[PDB]
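Working notes for the structure below.
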Amino acid sequence: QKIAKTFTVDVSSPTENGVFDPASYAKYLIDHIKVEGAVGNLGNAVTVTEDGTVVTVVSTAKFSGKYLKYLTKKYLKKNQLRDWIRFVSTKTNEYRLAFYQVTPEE
Amino acid sequence: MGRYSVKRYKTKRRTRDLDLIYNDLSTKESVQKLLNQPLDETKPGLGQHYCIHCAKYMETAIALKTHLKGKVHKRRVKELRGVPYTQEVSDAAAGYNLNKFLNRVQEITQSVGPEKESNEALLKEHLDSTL
Amino acid sequence: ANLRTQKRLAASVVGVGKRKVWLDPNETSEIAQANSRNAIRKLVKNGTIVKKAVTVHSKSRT
Amino acid sequence: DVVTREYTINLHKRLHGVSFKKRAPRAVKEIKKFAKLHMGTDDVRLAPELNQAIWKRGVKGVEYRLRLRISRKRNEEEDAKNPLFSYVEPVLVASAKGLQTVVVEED
Amino acid sequence: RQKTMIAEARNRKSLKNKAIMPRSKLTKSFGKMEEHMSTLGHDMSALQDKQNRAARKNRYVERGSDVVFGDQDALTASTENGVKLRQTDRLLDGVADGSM
Amino acid sequence: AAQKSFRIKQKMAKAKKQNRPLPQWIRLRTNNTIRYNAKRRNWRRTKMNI
RNA sequence: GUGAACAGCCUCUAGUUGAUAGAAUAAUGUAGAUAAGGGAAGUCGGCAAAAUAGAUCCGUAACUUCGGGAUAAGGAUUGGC
RNA sequence: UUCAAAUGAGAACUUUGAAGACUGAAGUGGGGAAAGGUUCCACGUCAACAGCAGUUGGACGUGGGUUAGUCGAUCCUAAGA
Ligand SMILES: [Mg+2]
Ligand SMILES: [Mg+2]
Ligand SMILES: [Mg+2]
Ligand SMILES: [Mg+2]
Ligand SMILES: [Mg+2]
Ligand SMILES: [Mg+2]
Ligand SMILES: [Mg+2]
Ligand SMILES: [Mg+2]
Ligand SMILES: [Mg+2]
Ligand SMILES: [Mg+2]
Ligand SMILES: [Zn+2]
């Protein structure tokens, strides 16, 4: 019915390599998650938190991992990281940001 | 230039002008004459069942009624609303005979306009009653 | 080099049409060495041969 | 002499009146002739991305104006009949209007 | 910049005739990664450290095969008909010497 | 045809075994006058007529 | 998908990109179009083209083996929201 | 139809990649019957042939490949012989 689902994103690798900002990513999620068809209507329905390496979204109102991936890819495209960083699933409802395969220059 | 427009708007296939139709609808005597036409063997429906707005003869009263219940007739009626756009309008737009154009516009607004509207309303109710 | 046979084997092994297999233009010698479906499977595994995605036919306007 | 410039080519007047199946191939040939005229090289090589830019709107939809980067460089191969060749690249810009010939500072 | 990005994406995309290649299957170069991140303005210290560690890990060590057979070829008389060692040659098996 | 009789397949096997050029050592024999296979058959040139 | 529709037109899966090429754009051809005013004066002959066309509604003669003729003829209309 | 690379003495015509198109499921897709008989596939390879070309080929040279109690024939009868 309204059972709270938890979705986790691990941003540790891009954050450590210095091309990603978890606080900005969480703020983008807060400002761009839609509830009942509108933004800014997350009151007592969904919550987004970040501790510098893991971003957690706890939702009771129609949130899906595909939607979270769509929003994250929008954010990466906006910050011009879509060609280098991708959003992948490790287990159910836990995801990570990974780099695409890059050969050394030598 | 293209064949459709050429064979529709050939000079020998020309139709009556909107300002002429407006002059016909403005005066009550003209409307009465167009409503009571002499029997002509060369016209569809023996000269009866004539739509004044579209200037068009129908073969039957049912055909005239179906024409009145249509968008083409509504299009012509909407076209026949405002100023008839004679040559004085283009002259005034160029800056020529501006006072004459203004006098014509105020005459249409004051006297010719409402009389034409009342004639149209009487014609509409007459057609609705008889059809 | 002539990679027609390798292209056909890659299509058969991946299970798509020949229009949907991409052979790396830089690994020409490595692809030319591959004469068996086993070697083709190895090339697919290491990424020298890639399966293309289907051309989209969206139904949004429909 | 190694050099690199950016030009605008007017393909509209060059393709004026050309049969529809031949417009994009004739644009390719006109670009080769343009580079030969401006650089003095018989050997002209077009980038595949430039070929994509030419053919982007099909065989008969070639753009009126294209912004090109032409680089005259040395031919490293000894067996080649010429010591210099031109390489033509596309310059993707907001609009190809109002642009003049410029020299690109190679670094 | 927005118009330029529109033009670049239009030149890149050809979606009506086929799909775009998957990034998760393709591989790219650290030089392009460095230049793009430098354009974006990030700090390339950690990425350069990763690339240097990978380059120092990928070491080419020569072996006895490289010493002996490195430049040579053949070692086998190449047959005129491209036959295997134990394959019959209908045409040439009856003539032992190459002069004949 | 795919479903053929054994007699037809036997004649086909004989034709296949006959389809060859001359061996090269034939050309080296004393007083040899056979210089090519004058009865060579090809599938697209002369039909076997069953 | 459109559409009454295995029609025509566009697309996905799959399959092709084969048929000597390049350069110019004279006359005459082959194939395909447009044309002021008139409207068969052309020609043995309206040959050929043009015009008509789907669907809804109104309406439909002589003759007739009463079953037809008939989509007779002749009219009004058609989009989007 | 076009671009770059590879191969090669030599590339409009071969291979890969990049593009533009087409068949549009009554197909230029996927299988079979008659007929053909190795044309299938690999390696080598260009004298002749592919009405231009050719490094390519259904071409030339050398080999590999067709596995059934259940699929067919075989059995039954039809017109008939
Ligand atoms: Mg012309
Ligand atoms: Mg005319
Ligand atoms: Mg006459
Ligand atoms: Mg005459
Ligand atoms: Mg009749
Ligand atoms: Mg067609
Ligand atoms: Mg099509
Ligand atoms: Mg020839
Ligand atoms: Mg073959
Ligand atoms: Mg053979
Ligand atoms: Zn009317």
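Chain C is numbered as in Swiss-Prot; shown residues: 2-63, in order.
This deposition comes from electron microscopy, 2.3 Å.
Note: Cβ is positioned from N, Cα and C throughout, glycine not excepted.
These come from Swiss-Prot:
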CROSSLNK  C:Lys21  ubiquitin cross-link
CROSSLNK  C:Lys53  ubiquitin cross-link
CROSSLNK  C:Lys60  ubiquitin cross-link
MOD_RES   C:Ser30  phosphoserine
MOD_RES   C:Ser37  phosphoserine
So for C:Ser37 (phosphoserine), how many other CB atoms are inside 10 Å of its CB?
10
Other CB atoms within 10 A, centred on C:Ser30 (phosphoserine):
8
Which whole-number value in Å describes the distance between the Cα atoms of C:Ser37 (phosphoserine) and C:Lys53 (ubiquitin cross-link)?
21
In Å, rounded, how far does the Cα of C:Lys60 (ubiquitin cross-link) sit from the Cα of C:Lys53 (ubiquitin cross-link)?
21
Neighbour count, 10 Å Cβ-Cβ cut-off, for C:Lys21 (ubiquitin cross-link): what number do you get?
18
Per residue, counting other C-beta atoms within 10 angstroms of the C-beta, which of the recorded sites C:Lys53, C:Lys60 reaches the highest number?
C:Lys53
Sites among the recorded positions C:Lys21, C:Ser30, C:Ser37, C:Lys53, C:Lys60 close to chain E [C-beta, under 8 Å]:
C:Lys53
Roughly how many angstrom lie between the C-alpha atoms of C:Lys53 (ubiquitin cross-link) and C:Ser30 (phosphoserine)?
22
Measure from the CA atom of C:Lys21 (ubiquitin cross-link) to the CA atom of C:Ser30 (phosphoserine) and give the result in Å, rounded to a whole number.
21
